[PDB]
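Given next, in structure tokens, is a single chain: the form solved without this ligand.
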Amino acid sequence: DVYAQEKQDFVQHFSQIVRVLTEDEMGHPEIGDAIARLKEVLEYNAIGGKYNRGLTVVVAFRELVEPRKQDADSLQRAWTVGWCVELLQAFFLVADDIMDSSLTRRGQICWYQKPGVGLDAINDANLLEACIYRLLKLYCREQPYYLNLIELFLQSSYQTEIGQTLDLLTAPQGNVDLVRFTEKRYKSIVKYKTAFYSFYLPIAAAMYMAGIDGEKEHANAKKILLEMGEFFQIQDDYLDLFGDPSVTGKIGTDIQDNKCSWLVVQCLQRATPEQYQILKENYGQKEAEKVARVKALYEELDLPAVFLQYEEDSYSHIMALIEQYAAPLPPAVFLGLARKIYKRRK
């Protein structure tokens, strides 16, 4: 609703992002072909999603800055930093689809899967990352929060990259070992790989832009947001298998990639020793027959019902945390982000 009114002005700002990014270096006509590839990469990989993360920067900025201090220019910056978060997203997703061997994303073929692209996607991805820091300098170089943002984004990338490492160490291909799929392992992985960049990053960027740079205040917002992140990854693992592809925009790969999913951790807990053997025998394989066998065990142990219940208990718990931790920040900040991910299907 608040995200709804802000969407239009955000998405439209994307022309300028691409304009400023493909001009400030176009006084060097030599790299023009590269700059054209940039425009192409940007419009394929930063466009077509829900923009939850970038909108959070924008939405939270308004609720934190006093209306007098929301000038045309100060807002411009808010939309740019919001798109910077969206580019971190694009950067990670491009690489991740390669590493996960994904077939679609946001309802189209993955960038590396487009003919003519392939493993060049790698350099495209690193470029998307570089653009974050180009924009920060072009728009915020003179701001007092400028170094805070630079360090926040880098720190955040390091974290989700430590997250990815954990994710991949836990899911060797051809190497099934249900034993390693524990609750602690799951909790660590999602906290690092999703929670920081998807939830702490946007709100904190908006905080720093609003002057709120206090260490306790960030620690407190972080307490709320790492919890929402963990809920958000669990919902994502569920959708991976049980969500509709025409809605999520992607084809799930968690069982095939031998991933430490939430479903798999929940299965191994409710598993009778004979179901354990089914799972131990059908997980992390490309065979469709064997993947359905796994999905059938999940439906048999009623994981879809367990997940729905978790969603409820989780949502009430985030709410408690917001009650305990939101001040001195407007509870509408976290409430808005929480409403946007509650009962999502994409």
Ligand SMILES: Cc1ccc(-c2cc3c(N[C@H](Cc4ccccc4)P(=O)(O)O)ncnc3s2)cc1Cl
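For clarity, a rigid core is taken as the largest C-alpha set superposing within 1.5 Å between two forms. Numbering starts at 1 and follows the sequence shown.
The discussion below concerns the form solved in complex with this ligand, not included here.
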| item | value |
| --- | --- |
| Among the candidates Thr80, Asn220, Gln235, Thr170, the residue which, in the bound PDB entry, approaches this ligand to within 4.5 Å (heavy atoms) | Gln235 |
| Answer option from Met26, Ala292, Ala36, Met319, heavy atom within 4.5 Å of this ligand in the bound PDB entry | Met319 |
| Any non-hydrogen atom of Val2 within 4.5 angstroms of this ligand in the bound PDB entry | no |
| Contact label in the bound PDB entry: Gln266 to this ligand, heavy atom within 4.5 Å | no |
| This ligand contact in the bound PDB entry: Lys50, any heavy atom under 4.5 Å | yes |
| 4.5 angstroms heavy atom contact with this ligand in the bound PDB entry for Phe181 | no |
| Among 271-279, 72-80, 140-148, 198-206, the region lying within 4.5 Å of this ligand in the bound PDB entry by heavy atom distance | 198-206 |
| Sequence-ordered list of residues in 295-326 near this ligand in the bound PDB entry, where near means a heavy atom within 4.5 Å | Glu311, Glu312, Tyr315, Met319 |
| 2 Å-or-more CA mover between this form and the one not shown, where superposition uses the core and the choices are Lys191, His218, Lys250, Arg77 | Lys250 |
| Core-superposed comparison between this form and the one not shown, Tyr44 Cα displacement 2 Å or beyond | no |
| Core superposition between this form and the one not shown, C-alpha change of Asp24 at least 2 Å | yes |
| Threshold 2 Å Cα movement between this form and the one not shown at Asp33, rigid core reference | no |
